[PDB]
>>> print(open('start15.pdb').read())   # PDB, C-alpha atoms and all ligand atoms
MODEL        1
ATOM      1  CA  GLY P 325      17.003  17.638 -14.390
ATOM      2  CA  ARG P 326      18.531  14.333 -13.332
ATOM      3  CA  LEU P 327      22.028  13.842 -14.783
ATOM      4  CA  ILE P 328      25.229  15.888 -14.756
ATOM      5  CA  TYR P 329      26.690  15.857 -18.284
ATOM      6  CA  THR P 330      30.399  16.561 -18.933
ATOM      7  CA  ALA P 331      31.417  17.267 -22.531
ATOM      8  CA  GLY P 332      34.873  17.565 -24.050
ATOM      9  CA  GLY P 333      37.902  18.635 -22.113
ATOM     10  CA  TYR P 334      41.656  18.288 -22.297
ATOM     11  CA  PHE P 335      44.206  15.616 -21.426
ATOM     12  CA  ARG P 336      47.282  15.517 -23.745
ATOM     13  CA  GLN P 337      44.901  16.785 -26.459
ATOM     14  CA  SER P 338      41.339  18.057 -26.711
ATOM     15  CA  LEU P 339      38.733  15.339 -26.056
ATOM     16  CA  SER P 340      35.403  14.270 -27.565
ATOM     17  CA  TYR P 341      33.965  12.575 -24.508
ATOM     18  CA  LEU P 342      30.366  12.997 -23.450
ATOM     19  CA  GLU P 343      29.549  11.265 -20.168
ATOM     20  CA  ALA P 344      26.663  11.590 -17.737
ATOM     21  CA  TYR P 345      26.800  11.129 -13.973
ATOM     22  CA  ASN P 346      23.736  10.194 -11.945
ATOM     23  CA  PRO P 347      23.931  11.599  -8.376
ATOM     24  CA  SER P 348      21.052   9.384  -7.334
ATOM     25  CA  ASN P 349      23.046   6.119  -7.809
ATOM     26  CA  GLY P 350      26.714   7.015  -8.428
ATOM     27  CA  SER P 351      26.750   5.662 -11.999
ATOM     28  CA  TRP P 352      28.504   7.102 -15.068
ATOM     29  CA  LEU P 353      27.247   6.551 -18.639
ATOM     30  CA  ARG P 354      29.329   7.115 -21.757
ATOM     31  CA  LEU P 355      27.257   8.715 -24.541
ATOM     32  CA  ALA P 356      27.842   9.806 -28.138
ATOM     33  CA  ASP P 357      31.186  11.581 -28.765
ATOM     34  CA  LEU P 358      31.268  15.188 -29.898
ATOM     35  CA  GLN P 359      31.720  15.413 -33.655
ATOM     36  CA  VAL P 360      34.863  17.550 -33.127
ATOM     37  CA  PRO P 361      37.185  17.309 -30.079
ATOM     38  CA  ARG P 362      37.248  20.453 -27.988
ATOM     39  CA  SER P 363      38.572  21.830 -24.694
ATOM     40  CA  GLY P 364      37.817  25.177 -23.103
ATOM     41  CA  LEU P 365      34.148  24.981 -24.108
ATOM     42  CA  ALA P 366      31.039  25.647 -22.083
ATOM     43  CA  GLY P 367      27.889  23.615 -21.717
ATOM     44  CA  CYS P 368      24.336  24.638 -20.928
ATOM     45  CA  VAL P 369      20.768  23.319 -21.300
ATOM     46  CA  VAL P 370      17.711  24.951 -22.912
ATOM     47  CA  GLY P 371      14.426  23.084 -23.293
ATOM     48  CA  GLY P 372      15.882  19.703 -22.501
ATOM     49  CA  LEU P 373      18.674  20.078 -25.070
ATOM     50  CA  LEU P 374      22.368  20.103 -24.177
ATOM     51  CA  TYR P 375      24.533  22.695 -25.923
ATOM     52  CA  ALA P 376      28.297  22.672 -26.362
ATOM     53  CA  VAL P 377      29.657  26.162 -27.159
ATOM     54  CA  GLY P 378      33.046  27.367 -28.263
ATOM     55  CA  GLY P 379      36.369  25.884 -27.156
ATOM     56  CA  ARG P 380      39.385  24.772 -29.155
ATOM     57  CA  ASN P 381      40.622  21.612 -30.761
ATOM     58  CA  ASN P 382      44.232  21.158 -29.606
ATOM     59  CA  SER P 383      45.341  18.220 -31.745
ATOM     60  CA  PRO P 384      48.406  16.668 -33.374
ATOM     61  CA  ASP P 385      47.392  18.130 -36.774
ATOM     62  CA  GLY P 386      47.087  21.734 -35.557
ATOM     63  CA  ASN P 387      45.031  23.863 -33.213
ATOM     64  CA  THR P 388      41.680  25.316 -34.201
ATOM     65  CA  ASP P 389      39.584  27.663 -32.052
ATOM     66  CA  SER P 390      35.919  26.854 -32.281
ATOM     67  CA  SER P 391      32.973  29.078 -33.140
ATOM     68  CA  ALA P 392      30.736  26.003 -33.045
ATOM     69  CA  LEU P 393      27.424  25.507 -31.325
ATOM     70  CA  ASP P 394      26.355  21.853 -31.171
ATOM     71  CA  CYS P 395      23.195  20.407 -29.779
ATOM     72  CA  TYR P 396      22.767  17.031 -28.036
ATOM     73  CA  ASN P 397      19.327  15.424 -27.756
ATOM     74  CA  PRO P 398      19.141  13.011 -24.812
ATOM     75  CA  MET P 399      16.146  11.190 -26.322
ATOM     76  CA  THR P 400      18.158  10.215 -29.432
ATOM     77  CA  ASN P 401      21.773  10.284 -28.217
ATOM     78  CA  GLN P 402      22.717  12.360 -31.293
ATOM     79  CA  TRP P 403      24.678  15.584 -31.670
ATOM     80  CA  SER P 404      23.557  18.085 -34.359
ATOM     81  CA  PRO P 405      25.337  21.250 -35.508
ATOM     82  CA  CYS P 406      23.657  24.550 -34.745
ATOM     83  CA  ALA P 407      24.405  27.991 -36.126
ATOM     84  CA  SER P 408      27.982  29.035 -35.472
ATOM     85  CA  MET P 409      28.899  32.158 -33.565
ATOM     86  CA  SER P 410      30.302  35.263 -35.217
ATOM     87  CA  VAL P 411      33.812  34.448 -33.936
ATOM     88  CA  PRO P 412      35.809  31.549 -32.390
ATOM     89  CA  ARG P 413      35.781  31.607 -28.594
ATOM     90  CA  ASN P 414      38.234  29.401 -26.675
ATOM     91  CA  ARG P 415      37.957  29.560 -22.830
ATOM     92  CA  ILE P 416      34.400  30.889 -23.243
ATOM     93  CA  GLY P 417      31.749  31.546 -20.584
ATOM     94  CA  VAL P 418      28.047  30.891 -21.104
ATOM     95  CA  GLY P 419      24.794  31.727 -19.345
ATOM     96  CA  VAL P 420      21.116  31.222 -20.119
ATOM     97  CA  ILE P 421      18.342  33.820 -19.660
ATOM     98  CA  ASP P 422      14.724  33.439 -20.775
ATOM     99  CA  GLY P 423      15.695  30.522 -23.025
ATOM    100  CA  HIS P 424      18.517  32.411 -24.762
ATOM    101  CA  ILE P 425      22.161  31.443 -24.611
ATOM    102  CA  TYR P 426      24.735  34.154 -23.976
ATOM    103  CA  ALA P 427      28.290  33.514 -25.159
ATOM    104  CA  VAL P 428      30.804  35.699 -23.349
ATOM    105  CA  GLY P 429      34.405  36.493 -24.118
ATOM    106  CA  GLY P 430      37.018  33.847 -24.851
ATOM    107  CA  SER P 431      39.905  33.926 -27.319
ATOM    108  CA  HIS P 432      40.687  33.482 -31.016
ATOM    109  CA  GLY P 433      44.455  33.120 -31.465
ATOM    110  CA  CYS P 434      45.935  36.104 -29.635
ATOM    111  CA  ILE P 435      42.593  38.025 -29.721
ATOM    112  CA  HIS P 436      40.947  38.258 -26.308
ATOM    113  CA  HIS P 437      37.286  39.097 -26.851
ATOM    114  CA  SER P 438      35.176  41.527 -24.889
ATOM    115  CA  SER P 439      32.333  40.794 -27.330
ATOM    116  CA  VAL P 440      29.149  38.951 -26.334
ATOM    117  CA  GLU P 441      26.471  37.318 -28.438
ATOM    118  CA  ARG P 442      23.073  35.785 -27.836
ATOM    119  CA  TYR P 443      21.576  32.656 -29.360
ATOM    120  CA  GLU P 444      17.824  32.166 -29.838
ATOM    121  CA  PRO P 445      16.977  28.465 -30.209
ATOM    122  CA  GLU P 446      13.622  29.216 -31.836
ATOM    123  CA  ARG P 447      15.426  30.915 -34.750
ATOM    124  CA  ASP P 448      18.819  29.095 -34.705
ATOM    125  CA  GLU P 449      20.512  32.484 -34.947
ATOM    126  CA  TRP P 450      23.160  34.401 -33.039
ATOM    127  CA  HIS P 451      23.105  38.199 -32.534
ATOM    128  CA  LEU P 452      25.826  40.350 -30.992
ATOM    129  CA  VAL P 453      24.844  42.383 -27.902
ATOM    130  CA  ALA P 454      26.769  45.042 -25.985
ATOM    131  CA  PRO P 455      30.375  44.011 -25.232
ATOM    132  CA  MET P 456      31.744  43.689 -21.745
ATOM    133  CA  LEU P 457      33.751  46.527 -20.252
ATOM    134  CA  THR P 458      36.826  44.197 -20.169
ATOM    135  CA  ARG P 459      38.283  41.544 -22.433
ATOM    136  CA  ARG P 460      37.912  38.204 -20.631
ATOM    137  CA  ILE P 461      38.943  34.637 -21.392
ATOM    138  CA  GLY P 462      38.679  31.913 -18.810
ATOM    139  CA  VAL P 463      35.715  33.964 -17.594
ATOM    140  CA  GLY P 464      33.074  32.492 -15.317
ATOM    141  CA  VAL P 465      29.458  33.305 -16.095
ATOM    142  CA  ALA P 466      26.252  32.862 -14.106
ATOM    143  CA  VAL P 467      22.646  34.144 -14.074
ATOM    144  CA  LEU P 468      20.550  35.324 -11.171
ATOM    145  CA  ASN P 469      17.190  37.119 -11.271
ATOM    146  CA  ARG P 470      17.466  37.525 -15.061
ATOM    147  CA  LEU P 471      20.810  39.321 -14.838
ATOM    148  CA  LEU P 472      24.072  37.954 -16.290
ATOM    149  CA  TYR P 473      27.391  38.062 -14.455
ATOM    150  CA  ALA P 474      30.923  37.764 -15.909
ATOM    151  CA  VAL P 475      33.523  36.978 -13.258
ATOM    152  CA  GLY P 476      37.306  36.902 -13.423
ATOM    153  CA  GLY P 477      39.333  35.731 -16.388
ATOM    154  CA  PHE P 478      42.314  37.068 -18.295
ATOM    155  CA  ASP P 479      42.342  40.180 -20.501
ATOM    156  CA  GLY P 480      45.523  39.328 -22.466
ATOM    157  CA  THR P 481      47.912  40.961 -19.997
ATOM    158  CA  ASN P 482      46.457  40.636 -16.498
ATOM    159  CA  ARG P 483      44.410  38.020 -14.676
ATOM    160  CA  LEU P 484      41.373  39.569 -13.067
ATOM    161  CA  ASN P 485      39.517  39.849  -9.810
ATOM    162  CA  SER P 486      36.973  42.120 -11.508
ATOM    163  CA  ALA P 487      33.397  41.239 -12.379
ATOM    164  CA  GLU P 488      30.546  42.908 -14.225
ATOM    165  CA  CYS P 489      26.809  42.487 -14.633
ATOM    166  CA  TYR P 490      24.707  42.676 -17.798
ATOM    167  CA  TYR P 491      21.206  44.210 -17.669
ATOM    168  CA  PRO P 492      19.352  42.855 -20.721
ATOM    169  CA  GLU P 493      16.591  45.440 -20.966
ATOM    170  CA  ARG P 494      19.245  48.172 -20.972
ATOM    171  CA  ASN P 495      21.746  46.184 -23.113
ATOM    172  CA  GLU P 496      24.335  47.531 -20.742
ATOM    173  CA  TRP P 497      27.242  46.161 -18.674
ATOM    174  CA  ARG P 498      28.176  47.592 -15.243
ATOM    175  CA  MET P 499      31.080  46.747 -12.945
ATOM    176  CA  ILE P 500      30.241  45.050  -9.653
ATOM    177  CA  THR P 501      32.371  44.659  -6.557
ATOM    178  CA  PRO P 502      35.617  42.836  -7.376
ATOM    179  CA  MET P 503      36.347  39.473  -5.843
ATOM    180  CA  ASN P 504      38.899  39.213  -3.053
ATOM    181  CA  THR P 505      41.048  36.892  -5.228
ATOM    182  CA  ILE P 506      42.363  37.077  -8.765
ATOM    183  CA  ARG P 507      40.872  34.124 -10.645
ATOM    184  CA  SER P 508      41.238  32.925 -14.225
ATOM    185  CA  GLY P 509      39.503  29.648 -15.085
ATOM    186  CA  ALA P 510      37.328  29.495 -11.971
ATOM    187  CA  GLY P 511      34.065  27.597 -11.848
ATOM    188  CA  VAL P 512      31.230  30.140 -11.496
ATOM    189  CA  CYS P 513      27.613  29.291 -10.698
ATOM    190  CA  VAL P 514      24.569  30.460  -8.740
ATOM    191  CA  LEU P 515      23.010  29.074  -5.583
ATOM    192  CA  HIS P 516      20.193  30.797  -3.703
ATOM    193  CA  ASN P 517      20.981  34.534  -3.901
ATOM    194  CA  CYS P 518      24.731  34.228  -4.398
ATOM    195  CA  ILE P 519      27.208  33.945  -7.249
ATOM    196  CA  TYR P 520      29.924  31.463  -6.371
ATOM    197  CA  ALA P 521      33.463  31.521  -7.690
ATOM    198  CA  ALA P 522      35.449  28.324  -6.997
ATOM    199  CA  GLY P 523      39.113  27.662  -7.761
ATOM    200  CA  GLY P 524      40.931  29.061 -10.741
ATOM    201  CA  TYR P 525      44.427  30.414 -11.378
ATOM    202  CA  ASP P 526      45.684  33.639  -9.809
ATOM    203  CA  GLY P 527      48.883  34.010 -11.889
ATOM    204  CA  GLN P 528      51.083  31.907  -9.589
ATOM    205  CA  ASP P 529      49.083  28.955  -8.201
ATOM    206  CA  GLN P 530      45.911  26.986  -8.813
ATOM    207  CA  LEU P 531      43.380  27.806  -6.091
ATOM    208  CA  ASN P 532      41.139  25.821  -3.724
ATOM    209  CA  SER P 533      39.424  28.915  -2.238
ATOM    210  CA  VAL P 534      35.812  29.637  -2.904
ATOM    211  CA  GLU P 535      33.934  32.914  -2.517
ATOM    212  CA  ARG P 536      30.418  34.076  -3.112
ATOM    213  CA  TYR P 537      28.805  37.370  -4.037
ATOM    214  CA  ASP P 538      25.562  38.283  -2.358
ATOM    215  CA  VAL P 539      23.717  40.396  -4.894
ATOM    216  CA  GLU P 540      21.760  42.204  -2.173
ATOM    217  CA  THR P 541      24.801  43.201  -0.071
ATOM    218  CA  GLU P 542      27.231  43.522  -2.992
ATOM    219  CA  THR P 543      30.008  41.880  -0.956
ATOM    220  CA  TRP P 544      32.139  38.773  -1.523
ATOM    221  CA  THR P 545      32.639  36.303   1.364
ATOM    222  CA  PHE P 546      34.890  33.237   1.358
ATOM    223  CA  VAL P 547      33.261  29.905   2.199
ATOM    224  CA  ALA P 548      34.984  26.590   2.925
ATOM    225  CA  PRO P 549      37.720  25.751   0.356
ATOM    226  CA  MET P 550      37.571  22.722  -1.915
ATOM    227  CA  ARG P 551      39.652  19.661  -1.027
ATOM    228  CA  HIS P 552      41.701  20.037  -4.255
ATOM    229  CA  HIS P 553      43.225  23.106  -5.823
ATOM    230  CA  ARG P 554      41.999  23.291  -9.402
ATOM    231  CA  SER P 555      41.698  25.582 -12.409
ATOM    232  CA  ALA P 556      39.703  25.020 -15.612
ATOM    233  CA  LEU P 557      37.172  22.993 -13.632
ATOM    234  CA  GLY P 558      33.611  22.295 -14.674
ATOM    235  CA  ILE P 559      30.858  23.385 -12.284
ATOM    236  CA  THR P 560      27.112  22.969 -11.991
ATOM    237  CA  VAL P 561      24.306  22.951  -9.419
ATOM    238  CA  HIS P 562      22.101  19.935  -8.815
ATOM    239  CA  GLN P 563      19.412  19.853  -6.093
ATOM    240  CA  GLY P 564      20.830  22.752  -4.114
ATOM    241  CA  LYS P 565      24.451  21.613  -4.103
ATOM    242  CA  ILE P 566      27.459  22.665  -6.154
ATOM    243  CA  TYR P 567      29.399  20.013  -8.082
ATOM    244  CA  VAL P 568      32.922  20.666  -9.331
ATOM    245  CA  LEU P 569      34.406  18.330 -11.946
ATOM    246  CA  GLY P 570      38.007  17.836 -12.995
ATOM    247  CA  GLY P 571      40.490  20.613 -13.549
ATOM    248  CA  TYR P 572      44.248  21.057 -13.424
ATOM    249  CA  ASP P 573      46.054  21.354 -10.073
ATOM    250  CA  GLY P 574      49.552  22.162 -11.344
ATOM    251  CA  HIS P 575      50.613  18.479 -11.242
ATOM    252  CA  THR P 576      47.734  16.320 -12.471
ATOM    253  CA  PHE P 577      44.590  16.539 -14.561
ATOM    254  CA  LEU P 578      42.013  15.675 -11.926
ATOM    255  CA  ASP P 579      39.314  13.047 -12.120
ATOM    256  CA  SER P 580      38.029  14.231  -8.700
ATOM    257  CA  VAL P 581      34.398  15.403  -8.426
ATOM    258  CA  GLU P 582      33.510  17.316  -5.244
ATOM    259  CA  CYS P 583      30.125  18.402  -3.887
ATOM    260  CA  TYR P 584      29.486  21.494  -1.744
ATOM    261  CA  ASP P 585      26.621  21.499   0.789
ATOM    262  CA  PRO P 586      25.857  25.156   1.666
ATOM    263  CA  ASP P 587      23.997  24.259   4.849
ATOM    264  CA  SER P 588      27.001  22.504   6.442
ATOM    265  CA  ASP P 589      29.575  24.611   4.536
ATOM    266  CA  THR P 590      31.501  21.445   3.637
ATOM    267  CA  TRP P 591      32.861  19.827   0.495
ATOM    268  CA  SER P 592      33.011  16.070  -0.007
ATOM    269  CA  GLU P 593      34.347  13.883  -2.808
ATOM    270  CA  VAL P 594      31.376  12.160  -4.424
ATOM    271  CA  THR P 595      32.793  10.327  -7.454
ATOM    272  CA  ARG P 596      35.658  10.300  -9.933
ATOM    273  CA  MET P 597      35.338  10.928 -13.633
ATOM    274  CA  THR P 598      36.399   7.968 -15.768
ATOM    275  CA  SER P 599      39.655   9.842 -16.493
ATOM    276  CA  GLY P 600      41.332  13.087 -15.475
ATOM    277  CA  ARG P 601      40.709  16.139 -17.651
ATOM    278  CA  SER P 602      40.337  19.916 -17.499
ATOM    279  CA  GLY P 603      38.399  22.459 -19.552
ATOM    280  CA  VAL P 604      35.146  20.493 -19.731
ATOM    281  CA  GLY P 605      31.680  21.832 -20.413
ATOM    282  CA  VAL P 606      29.042  20.802 -17.865
ATOM    283  CA  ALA P 607      25.282  20.965 -17.676
ATOM    284  CA  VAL P 608      22.297  19.225 -16.109
ATOM    285  CA  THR P 609      19.273  17.788 -17.902
ATOM    286  CA  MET P 610      17.150  14.655 -18.320
ATOM    287  CA  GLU P 611      18.415  11.098 -18.600
ATOM    288  CA  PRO P 612      18.886   9.713 -22.145
TER     289      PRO P 612
HETATM  290  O1  LIG P 701      44.283  25.081 -16.456
HETATM  291  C1  LIG P 701      44.593  25.259 -17.648
HETATM  292  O2  LIG P 701      44.853  26.369 -18.145
HETATM  293  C2  LIG P 701      44.669  24.015 -18.562
HETATM  294  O3  LIG P 701      44.394  22.874 -17.787
HETATM  295  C3  LIG P 701      43.636  24.073 -19.689
HETATM  296  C4  LIG P 701      43.556  23.053 -20.623
HETATM  297  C5  LIG P 701      42.590  23.060 -21.612
HETATM  298  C6  LIG P 701      41.670  24.070 -21.663
HETATM  299  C7  LIG P 701      41.720  25.086 -20.741
HETATM  300  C8  LIG P 701      42.688  25.079 -19.752
HETATM  301  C9  LIG P 701      46.100  23.956 -19.008
HETATM  302  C10 LIG P 701      46.582  23.123 -20.212
HETATM  303  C11 LIG P 701      48.112  23.158 -20.120
HETATM  304  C12 LIG P 701      48.367  22.947 -18.654
HETATM  305  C13 LIG P 701      47.042  23.292 -17.954
ENDMDL
END
>>> encode(input="start15.pdb", output="structure tokens")
Amino acid sequence: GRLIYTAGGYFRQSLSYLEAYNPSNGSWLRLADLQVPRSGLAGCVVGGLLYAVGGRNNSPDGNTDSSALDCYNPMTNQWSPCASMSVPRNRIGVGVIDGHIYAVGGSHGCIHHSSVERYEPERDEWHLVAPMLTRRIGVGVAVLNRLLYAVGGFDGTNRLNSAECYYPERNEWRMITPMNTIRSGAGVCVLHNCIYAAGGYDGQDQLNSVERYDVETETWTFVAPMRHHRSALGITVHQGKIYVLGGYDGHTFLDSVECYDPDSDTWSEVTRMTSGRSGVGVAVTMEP
């Protein structure tokens, strides 16, 4: 598409912000608020529509995990509710295959889900599929060659270096090689033939390291680290480069946005969000 959209997030409380960054000119645009504040959500795009999935509203008047799916139309600048999921999922991971949205893991109160469900926009309906082999919240999810990957997270007791792959035509999950680092709340995306895992929380410290999984070799290799340690960052890919947005570094909620160029193996700061925040949902689509 053309713009990087960041939805929701957390600073002092869950946020309703929707804002769009244009890499071509540096500009930020503030768009229509979410109907309900939420942090720990995921964003994705299908057919030119932005989707905000899951999360939690951490507010003065109580804390509510979200099962919500909401749809944003850039042409109209209006959010609309979509069918809710079977279960609330805070710290969710999402991926898109063949126009279907997969919602992975996340938490509801003290329940850490291994369950997974799939949304079909043409029917506005969610169906459960096979659950993951491991409960995961703060899981990173990405898609490559019509396969879905769940990376890292927290199972309710331990933070994880493990990862697994979902094979849709077999409705089956299989473990892949574990990462070299334990990561909860990492940004996970795909570029070329690799699954990238950036930042996160390893139990003791927020991370700046970044590693990538080559699906052909089945090995993880570290690349250059980000300039800022961060967990609960937003990530996306835009014209062959990785963007990381916000996060928590153990001291500050970051407004920093960094961009990774895989050809030079370098990160640079490219812009700042209008305010620091973690737990945002991010996606890329057309300009409104
Ligand atoms: O990294 C984190 O777990 C968070 O930033 C977060 C916040 C909102 C949603 C997900 C995650 C923590 C909030 C309390 C301190 C940091």
>>> residues_around(input="start15.pdb", residues="residue 547 (chain P)", least_positions_apart="5", cutoff="12 Å", atoms="all atoms listed in the file", output="list in words")
residues 518, 519, 520, 521, 522, 523, 532, 533, 534, 535, 536, 537, 584, 585, 586, 587, 588, 589, 590 and 591 of chain P
>>> residues_around(input="start15.pdb", residues="region 370-372 of chain P", least_positions_apart="2", cutoff="7 Å", atoms="all atoms listed in the file", output="ChimeraX atom specification")
/P:368,374,423,609-610
>>> residues_near_ligand(input="start15.pdb", ligand="ligand LIG 701 (chain P)", cutoff="6 Å", atoms="all atoms listed in the file", output="ChimeraX atom specification")
/P:334,363-364,555-556,572,602-603
>>> closest_residue(input="start15.pdb", among="P:347, P:492, P:361, P:612", to="residue 567 (chain P)", atoms="only C-alpha atoms")
P:347
>>> resolve_selection(input="start15.pdb", expression="the PyMOL selection byres (((chain P and resi 406-412) around 7) and not hetatm)", output="PDB file with C-alpha atoms, in the frame of the given file")
ATOM      1  CA  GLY P 378      33.046  27.367 -28.263  1.00  0.00           C
ATOM      2  CA  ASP P 389      39.584  27.663 -32.052  1.00  0.00           C
ATOM      3  CA  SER P 390      35.919  26.854 -32.281  1.00  0.00           C
ATOM      4  CA  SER P 391      32.973  29.078 -33.140  1.00  0.00           C
ATOM      5  CA  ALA P 392      30.736  26.003 -33.045  1.00  0.00           C
ATOM      6  CA  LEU P 393      27.424  25.507 -31.325  1.00  0.00           C
ATOM      7  CA  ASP P 394      26.355  21.853 -31.171  1.00  0.00           C
ATOM      8  CA  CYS P 395      23.195  20.407 -29.779  1.00  0.00           C
ATOM      9  CA  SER P 404      23.557  18.085 -34.359  1.00  0.00           C
ATOM     10  CA  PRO P 405      25.337  21.250 -35.508  1.00  0.00           C
ATOM     11  CA  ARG P 413      35.781  31.607 -28.594  1.00  0.00           C
ATOM     12  CA  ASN P 414      38.234  29.401 -26.675  1.00  0.00           C
ATOM     13  CA  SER P 431      39.905  33.926 -27.319  1.00  0.00           C
ATOM     14  CA  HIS P 432      40.687  33.482 -31.016  1.00  0.00           C
ATOM     15  CA  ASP P 448      18.819  29.095 -34.705  1.00  0.00           C
ATOM     16  CA  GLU P 449      20.512  32.484 -34.947  1.00  0.00           C
ATOM     17  CA  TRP P 450      23.160  34.401 -33.039  1.00  0.00           C
TER      18      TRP P 450
END
>>> resolve_selection(input="start15.pdb", expression="the PyMOL selection byres (((chain P and resi 333) around 8) and not hetatm)", output="PDB file with C-alpha atoms, keeping the file's coordinate frame")
ATOM      1  CA  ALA P 331      31.417  17.267 -22.531  1.00  0.00           C
ATOM      2  CA  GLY P 332      34.873  17.565 -24.050  1.00  0.00           C
ATOM      3  CA  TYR P 334      41.656  18.288 -22.297  1.00  0.00           C
ATOM      4  CA  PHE P 335      44.206  15.616 -21.426  1.00  0.00           C
ATOM      5  CA  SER P 338      41.339  18.057 -26.711  1.00  0.00           C
ATOM      6  CA  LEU P 339      38.733  15.339 -26.056  1.00  0.00           C
ATOM      7  CA  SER P 340      35.403  14.270 -27.565  1.00  0.00           C
ATOM      8  CA  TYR P 341      33.965  12.575 -24.508  1.00  0.00           C
ATOM      9  CA  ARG P 362      37.248  20.453 -27.988  1.00  0.00           C
ATOM     10  CA  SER P 363      38.572  21.830 -24.694  1.00  0.00           C
ATOM     11  CA  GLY P 364      37.817  25.177 -23.103  1.00  0.00           C
ATOM     12  CA  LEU P 365      34.148  24.981 -24.108  1.00  0.00           C
ATOM     13  CA  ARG P 601      40.709  16.139 -17.651  1.00  0.00           C
ATOM     14  CA  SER P 602      40.337  19.916 -17.499  1.00  0.00           C
ATOM     15  CA  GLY P 603      38.399  22.459 -19.552  1.00  0.00           C
ATOM     16  CA  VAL P 604      35.146  20.493 -19.731  1.00  0.00           C
ATOM     17  CA  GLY P 605      31.680  21.832 -20.413  1.00  0.00           C
TER      18      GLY P 605
END
>>> resolve_selection(input="start15.pdb", expression="the PyMOL selection byres (((chain P and resi 465-468) around 6) and not hetatm)", output="ChimeraX atom specification")
/P:417-419,464,469-474,512-513
>>> atom_distance(input="start15.pdb", atom1="CA of residue 424 (chain P)", atom2="CA of residue 382 (chain P)")
28.5 Å
>>> residues_around(input="start15.pdb", residues="residue 402 (chain P)", least_positions_apart="6", cutoff="10 Å", atoms="only C-alpha atoms", output="list in words")
residues 355, 356, 357, 358, 359, 395 and 396 of chain P
>>> axis_aligned_box(input="start15.pdb", around="region 513-520 of chain P", padding_each_side="5 Å", output="AutoDock Vina command-line options")
--center_x 25.1 --center_y 31.8 --center_z -7.2 --size_x 19.7 --size_y 15.5 --size_z 17.0
>>> build_atoms(input="start15.pdb", residues="region 593-606 of chain P", atoms="N, CA and C atoms", output="compact mmCIF listing (two decimals), keeping the file's coordinate frame")
# COMPACT_ATOMS: atom_id res chain seq x y z
N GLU P 593 34.14 14.57 -1.53
CA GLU P 593 34.35 13.88 -2.81
C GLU P 593 33.18 12.95 -3.02
N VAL P 594 32.57 12.96 -4.18
CA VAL P 594 31.38 12.16 -4.42
C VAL P 594 31.58 11.10 -5.47
N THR P 595 32.53 11.28 -6.39
CA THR P 595 32.79 10.33 -7.45
C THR P 595 34.08 10.79 -8.13
N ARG P 596 34.53 9.97 -9.07
CA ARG P 596 35.66 10.30 -9.93
C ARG P 596 35.16 10.17 -11.36
N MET P 597 35.54 11.11 -12.20
CA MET P 597 35.34 10.93 -13.63
C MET P 597 36.12 9.68 -14.09
N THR P 598 35.74 9.16 -15.26
CA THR P 598 36.40 7.97 -15.77
C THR P 598 37.87 8.23 -16.12
N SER P 599 38.26 9.48 -16.31
CA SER P 599 39.66 9.84 -16.49
C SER P 599 39.86 11.32 -16.17
N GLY P 600 41.07 11.68 -15.77
CA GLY P 600 41.33 13.09 -15.48
C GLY P 600 41.36 13.95 -16.74
N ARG P 601 40.90 15.19 -16.57
CA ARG P 601 40.71 16.14 -17.65
C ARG P 601 40.38 17.52 -17.08
N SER P 602 40.74 18.54 -17.83
CA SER P 602 40.34 19.92 -17.50
C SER P 602 39.60 20.54 -18.69
N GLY P 603 39.05 21.73 -18.47
CA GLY P 603 38.40 22.46 -19.55
C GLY P 603 37.14 21.83 -20.12
N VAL P 604 36.34 21.17 -19.26
CA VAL P 604 35.15 20.49 -19.73
C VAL P 604 34.02 21.50 -19.75
N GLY P 605 32.97 21.17 -20.51
CA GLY P 605 31.68 21.83 -20.41
C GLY P 605 30.73 20.95 -19.62
N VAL P 606 29.92 21.57 -18.75
CA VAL P 606 29.04 20.80 -17.86
C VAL P 606 27.63 21.37 -17.93
